[PDB]
Amino acid sequence: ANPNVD
Amino acid sequence: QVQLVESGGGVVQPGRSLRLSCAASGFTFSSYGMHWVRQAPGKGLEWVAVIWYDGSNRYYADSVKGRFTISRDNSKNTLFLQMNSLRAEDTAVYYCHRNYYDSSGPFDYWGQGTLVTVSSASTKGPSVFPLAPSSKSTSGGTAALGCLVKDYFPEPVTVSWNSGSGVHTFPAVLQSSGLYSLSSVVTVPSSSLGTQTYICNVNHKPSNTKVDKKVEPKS
Amino acid sequence: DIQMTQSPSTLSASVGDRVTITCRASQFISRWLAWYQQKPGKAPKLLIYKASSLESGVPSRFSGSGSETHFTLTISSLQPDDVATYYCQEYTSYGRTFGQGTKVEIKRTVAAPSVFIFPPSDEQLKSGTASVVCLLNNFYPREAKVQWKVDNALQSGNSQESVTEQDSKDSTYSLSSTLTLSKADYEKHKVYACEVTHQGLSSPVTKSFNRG
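Residue numbers (this note's numbering), protein chains in the order written: chain L, 1 to 6; chain V, 1001 to 1219; chain X, 2001 to 2212.
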């Protein structure tokens, strides 16, 4: 969900 | 290694537009985003804007959304920030910045920063004078010597010794003349005074000034 | 717009103290909270991410905690090289929001200044101006009184001071005072002195030189 993670 | 190199700083008159650029190397901008972050004189970090690798998801801080435009040119590996209607509040060091997290770990990169000064005052390069070591600047077997970097505008200057030892660079002070002065001081062995030549290298990019100055002992 | 509020704004403590900074988020951010360290004249450096994970090479005395809206950063044993400004930062989405920053400062034992003095250069004198520099080295606390005396005439209004950041190894300061006269005033007089008073000094120290 977080666009900066994975 | 990933490297981000910002360009475009200096003095700029209020009301004008300015475009900063950040040349990136060591990666292809094909994932995550890139950011601009700024920091006004002795104030805190302020995130300014982001753009995604595909040019989408452009967002801005509220204070600047009405006047700034972020963009990227992948074929040049370059990030831009265009600032319009420049005003006093925009005086700041601007950083380009990349940050993400994946299974290999965190990845966090910053440029060196470029200082934008919004002002009508004219650019002026520094005079550089020696602070000579002597009896009066010695204790133990160590002597202090330095360079006085006087009367310049805008900030910054950079000082290095013998082209890059207890170096103390004293923060620039705004004088009543409207111009900045700073000093850089180093500690050296007394035994070296009269044998080794000590040279400060001063660079003032806004004026394209680069000066080398021998600092010689006085009696 | 998410607001990030850190507290306290400034934090002065002693080496070896456990110190904690709080960060509060005006919305739920899960654990997408990072902590940055910034020293003067440097770019920030990431220390902690996902609220409690340390960057490699970050000393074990640093730790972070929290979730959702309340977060903390702890230094379990404050060390001289920890003096810096610390920022929390949310990264729930495309942009970022930094807290206002916490400046961490160190209180230590009194250290008296060493006092040096520098005459004007001949190159500056050729320009009609004479700057005289007095240097106080590696002292604590930051408060110092510097007085310029020219032929024992106490000076006022014509000097400026600059103080370094706190030193990363021994938490002291240095300060420069620059006295600027015209060439005509400078060559009018014989004795240039800066007199310094500071907690570390039992009696005031005066460094002096005679012009030529």
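Heads up, the beta-carbon is just placed ideally off N, CA and C, and yes, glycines get one too.
In this structure, the straight-line span from the alpha carbon of V/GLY1194 to that of V/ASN1201 is close to 20 Å. Collapsing the DSSP output to three states places X/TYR2186 in a helix.
Three or more Cβ pairs closer than 8 Å define a contact, and the region 2005-2022 of chain X meets that threshold against the region 2067-2086 of chain X. Taking all protein chains shown into account, X/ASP2170 has fewer than 16 neighbouring C-beta atoms within 10 Å of its C-beta and is therefore exposed. X/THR2085 and X/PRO2008 have their C-alpha atoms some 11 Å from each other.
A Cβ-Cβ separation of about 12 Å leaves X/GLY2064 out of contact with X/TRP2032 under the 8 Å criterion. Taking a 10 Å sphere around the C-beta of V/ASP1108, we find 16 or more other C-beta atoms and assign the residue as buried.
Residues of chain L with a Cβ closer than 9 Å to the Cβ of V/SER1103 are, in chain order, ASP6.
Contact between X/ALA2111 and X/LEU2201 is ruled out by a C-beta separation of about 11 Å, above the 8 Å threshold. For X/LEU2201, there is no enclosing beta strand (DSSP E), since its DSSP letter is neither H nor E. X/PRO2080 sits in a helix when the DSSP states are folded into three classes. Buried is the label assigned to V/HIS1204, since at least 16 other Cβ atoms lie within 10 Å of its Cβ.
In the displayed model, V/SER1075 falls within a helix according to three-state DSSP.
For the region 1019-1032 of chain V, the beta-carbon criterion of a distance under 9 Å to any beta-carbon of chain L is satisfied by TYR1032. With respect to X/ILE2106, X/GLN2037 sits apart: the two C-beta atoms are not nearer than 9 Å.
Looking at the DSSP output, X/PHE2062 sits in a beta bridge with X/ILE2075. Taking 8 Å as the cut-off between beta carbons, the residues of the region 1068-1102 of chain V near chain L are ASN1099, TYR1100, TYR1101, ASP1102, in sequence order. In the three-state reduction of the DSSP assignment, X/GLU2143 falls in the coil class, being assigned neither a helical nor a strand state. DSSP places X/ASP2122 inside the alpha helix (DSSP H), whose first and last residues are 2122-2125. The Cβ atoms of V/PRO1206 and V/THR1123 lie closer than 9 Å to each other. V/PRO1154 carries a coil assignment under DSSP once its states are collapsed to helix, strand and coil. Residues of chain X with a Cβ closer than 8 Å to the Cβ of V/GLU1046 are, in chain order, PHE2098. Straight-line spacing of the CA atoms in X/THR2097 and V/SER1007 works out to 24 Å.
In the structure shown, the three-state DSSP call for V/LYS1213 is strand. Under DSSP, V/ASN1201 forms a beta bridge with V/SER1160, V/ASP1212.
Between X/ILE2117 and chain V, the shortest Cβ-Cβ separation is below 9 Å.
Around V/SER1160, the same chain offers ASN1201 as residues with beta carbons nearer than 7 Å, after the five sequence neighbours per side are excluded. Under the DSSP assignment, V/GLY1010 falls in the beta strand (DSSP E) whose first and last residues are 1010-1012.
Look at the beta carbons and you see the region 1181-1195 of chain V touching the region 1142-1152 of chain V: at least three pairs across the two are nearer than 8 Å. For V/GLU1089, the three-state secondary structure derived from DSSP is helix. Under DSSP, V/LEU1020 forms a beta bridge with V/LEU1081. With a threshold of 16 other beta carbon atoms within 10 Å, V/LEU1004 meets it and is buried. Assignment of X/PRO2044 by DSSP, reduced to helix, strand and coil, places it in the coil class. In the structure shown, V/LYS1136 adopts helical secondary structure according to DSSP, grouped into three states. Between the region 1111-1130 of chain V and the region 1051-1068 of chain V there are fewer than three inter-stretch CB-CB distances shorter than 8 Å, so the stretches are not counted as touching. By the beta-carbon neighbour count (other beta carbons within 10 angstroms, threshold 16), X/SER2174 is buried.
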